[PDB]
>>> print(open('protein_0.pdb').read())   # PDB, C-alpha atoms
ATOM      1  CA  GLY A   1      99.765 138.887-146.825  1.00  0.00           C
ATOM      2  CA  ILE A   2      99.307 141.460-149.622  1.00  0.00           C
ATOM      3  CA  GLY A   3     102.583 140.348-151.292  1.00  0.00           C
ATOM      4  CA  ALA A   4     101.563 136.666-151.136  1.00  0.00           C
ATOM      5  CA  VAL A   5      98.076 137.209-152.662  1.00  0.00           C
ATOM      6  CA  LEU A   6      99.609 139.551-155.293  1.00  0.00           C
ATOM      7  CA  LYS A   7     102.510 137.250-156.317  1.00  0.00           C
ATOM      8  CA  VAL A   8     100.300 134.100-156.256  1.00  0.00           C
ATOM      9  CA  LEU A   9      96.894 135.407-157.470  1.00  0.00           C
ATOM     10  CA  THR A  10      97.780 138.752-159.117  1.00  0.00           C
ATOM     11  CA  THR A  11     100.339 137.080-161.439  1.00  0.00           C
ATOM     12  CA  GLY A  12      98.859 133.887-162.905  1.00  0.00           C
ATOM     13  CA  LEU A  13      95.408 134.544-164.382  1.00  0.00           C
ATOM     14  CA  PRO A  14      95.393 132.857-167.929  1.00  0.00           C
ATOM     15  CA  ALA A  15      96.746 129.627-166.337  1.00  0.00           C
ATOM     16  CA  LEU A  16      93.507 128.927-164.397  1.00  0.00           C
ATOM     17  CA  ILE A  17      91.384 129.832-167.473  1.00  0.00           C
ATOM     18  CA  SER A  18      93.489 127.436-169.617  1.00  0.00           C
ATOM     19  CA  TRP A  19      93.160 124.660-166.981  1.00  0.00           C
ATOM     20  CA  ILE A  20      89.331 125.000-166.806  1.00  0.00           C
ATOM     21  CA  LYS A  21      89.094 125.219-170.641  1.00  0.00           C
ATOM     22  CA  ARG A  22      91.313 122.115-171.073  1.00  0.00           C
ATOM     23  CA  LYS A  23      89.369 120.222-168.358  1.00  0.00           C
ATOM     24  CA  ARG A  24      85.987 121.226-169.861  1.00  0.00           C
ATOM     25  CA  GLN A  25      86.969 120.616-173.522  1.00  0.00           C
ATOM     26  CA  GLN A  26      89.328 117.630-173.066  1.00  0.00           C
TER      27      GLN A  26
END
>>> encode(input="protein_0.pdb", output="structure tokens")
Amino acid sequence: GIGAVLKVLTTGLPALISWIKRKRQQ
């Protein structure tokens, strides 16, 4: 539980920001 949310959500943060910025700009 804690290890899954930490290794999946508490690891990749700039990837989601780059996907929303590339989908909003491009």
>>> atom_distance(input="protein_0.pdb", atom1="CA of residue 10 in chain A", atom2="CA of residue 22 in chain A")
21.5 Å
>>> atom_distance(input="protein_0.pdb", atom1="CA of residue 21 in chain A", atom2="CA of residue 4 in chain A")
25.8 Å
>>> atom_distance(input="protein_0.pdb", atom1="CA of residue 17 in chain A", atom2="CA of residue 1 in chain A")
24.1 Å
